[PDB]
């Protein structure tokens, strides 16, 4: 372990997947040590404690200096914290993004893609000052079908993240890649745009197709996303399922 890699992750499936990859690839990583941390802002990180992860604060000046001093590479695997410029500028940082940059950069890309029909998939990219913005190292589109909810597309994106990590984790550690730029401008969706979508307008006029697309975009297993307000301020949450039958 001459080379120290930090995995900062708030996503148990990806953490579990990477730990297994490194275990079965011990020959490729004999001179590499991997530490795993979850991010300070995580509001239920108990599941990640089970896999030996402990909190790190990527916006603490103390932790940034320690990371910069100790680690050759930081991998963000759905890290809930924005890396400060002092981290991304002073150590090689690579993000695993559950969108196809530069389309629907930011929050819950597949929700926006079900509605706006822009591509989705996984992008592994160098991390710069801005969010889901740096040089593309590896990316792979995943198709969307008319019977998909957010959950269906998200599970598909996660299987593509895992496929790219299986093929490219060592490439990422040993910098065996080519930095690529998109010719397209793309777009960003923030947490406030998602809150916007969630507030249903029952008076909104449109096609059943558009309304079904909105509701399937906002349907994600047990999450309470799409709602309208009753007069008394109570909420009605709406979920939709779509099931293909040959």
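Numbering follows the first chain given and starts at 1.
K.L.:
Using only C-alpha atoms and the B-factors in the entry, which stretch averages higher, 158-166 or 128-136?
P.N.:
Taking the mean B-factor of the alpha carbons in each, 128-136 is higher.
K.L.:
Can you let me know which of the two, 56-64 or 203-211, has the higher average C-alpha B-factor in the entry?
P.N.:
According to the PDB entry, the answer is 56-64.
K.L.:
Out of 25, 9, 19, 225, which shows the largest CA B-factor listed in the entry?
P.N.:
25 has the highest C-alpha B-factor of those listed.
K.L.:
By its CA B factor, does residue 5 count among the lowest, middle or highest third of the modelled residues in the chain?
P.N.:
It falls in the middle third of the chain.
K.L.:
Going by the CA temperature factor in the PDB record, which third of the chain does residue 84 belong to: lowest, middle or highest?
P.N.:
Highest third, going by the recorded CA B-factors of the chain.
K.L.:
What third of the chain, by the recorded C-alpha B-factor, contains residue 244?
P.N.:
Ranked within chain, residue 244 CA B lands in the middle tercile.
K.L.:
Compare the C-alpha B factor of residue 220 with those of the other modelled residues in its chain, then answer lowest, middle or highest third.
P.N.:
It belongs to the lowest third of the chain when residues are ordered by C-alpha B-factor.
K.L.:
Check where residue 176 lands among this chain's C-alpha B-factors and tell me if it's the lowest, middle or highest third.
P.N.:
Answer is middle: the recorded C-alpha B-factor places it there.
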